[PDB]
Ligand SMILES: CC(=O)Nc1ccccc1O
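Only one chain comes next, encoded as structure tokens, the form solved without the ligand.
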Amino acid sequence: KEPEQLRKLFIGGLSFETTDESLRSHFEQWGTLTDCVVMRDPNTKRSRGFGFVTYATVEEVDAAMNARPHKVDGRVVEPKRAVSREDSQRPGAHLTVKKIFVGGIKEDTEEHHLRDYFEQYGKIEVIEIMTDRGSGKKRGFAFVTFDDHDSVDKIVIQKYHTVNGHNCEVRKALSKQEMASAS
């Protein structure tokens, strides 16, 4: 069976009145939920405004994401691929981004190589193989922009990505200032 982590969705912006039962009731429309819960304050037992839903298969997860926008208990919520506790440590880990940093690509890497691997994740809007200003030399990394944040999330939650025959590190793109803040 597929890994729990890839079968789980983080549901953000939950209404103050959303409960395990009401959440389950809504998301159950796209599959069998093996787990459904609203995080609450360990003390006040008040809802922290977010929860998690886990389907029996990632296919069902995809159905749910393809069903956006979602409105639960009269409120628009934000469903996202669950970022593991380990990766949640990374700066910007939970931000909604459409651009990815692709690091460690060969010198002879060309745009078709990137498309042949990334198009299966979603509509690609921009592709940029970075070069040195003035030297024209390839820097060994590229940026790819999609039209849906879920395309990016489906990517970054995986460990390996093969472009132009070899593995590369793919992470959410961080702005110039976001970089220096986490530097």
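So that there is no doubt, residue numbering starts at 1 and follows the sequence shown.
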Absent coordinates for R90 in a third or more of other compared entries:
yes
On mean Cα temperature factor in this entry, is 36-44 or 148-156 the higher one?
36-44
Higher mean Cα B-factor in the deposited model: 69-77 or 89-97?
69-77
Highest Cα B-factor in the PDB entry belongs to which of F52, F141, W30, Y121?
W30
Place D132 in the lowest, middle or highest third of its chain's C-alpha B-factors, as listed in the PDB entry.
highest
How does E2 rank on Cα B-factor within its chain, lowest, middle or highest third?
highest
For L23, does the deposited CA B-factor place it in the lowest, middle or highest third of the chain?
highest
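One more form of this protein, deposited with the ligand bound, exists but is not displayed; see below.
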If we take the ligand as it sits in the entry with it bound and superpose the C-alphas round its site onto this chain, is the site open or blocked, where blocked means 3 or more ligand atoms come within 2.4 Å of a backbone or C-beta atom?
blocked
Classify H113 as contacting or not contacting the ligand in the entry with it bound by the rule of any non-hydrogen atom within 4.5 angstroms, answering yes or no.
no
In the entry with it bound, is there a heavy atom of the ligand that lies within 4.5 Å of any heavy atom of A56, even though the partner is absent here?
no
Taking any heavy atom pair closer than or equal to 4.5 Å as contact, tell me whether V156 reaches the ligand in the entry with it bound.
yes
Touches the ligand in the entry with it bound: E86 (any heavy atom, 4.5 Å):
yes
Within 57-73, the residues that have a heavy atom no more than 4.5 Å from the ligand in the entry with it bound
none
Comparing forms between the shown form and the other one, the hinge position between rigid parts, one of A56, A93, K154, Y117
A93
Closer or farther apart in the entry with it bound, the C-alpha atoms of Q89 and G12, for a change of 3 Å or more?
farther
Since the CA distance of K8 and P91 differs by 3 Å or more in the entry with it bound, is it closer or farther than in the form displayed?
closer
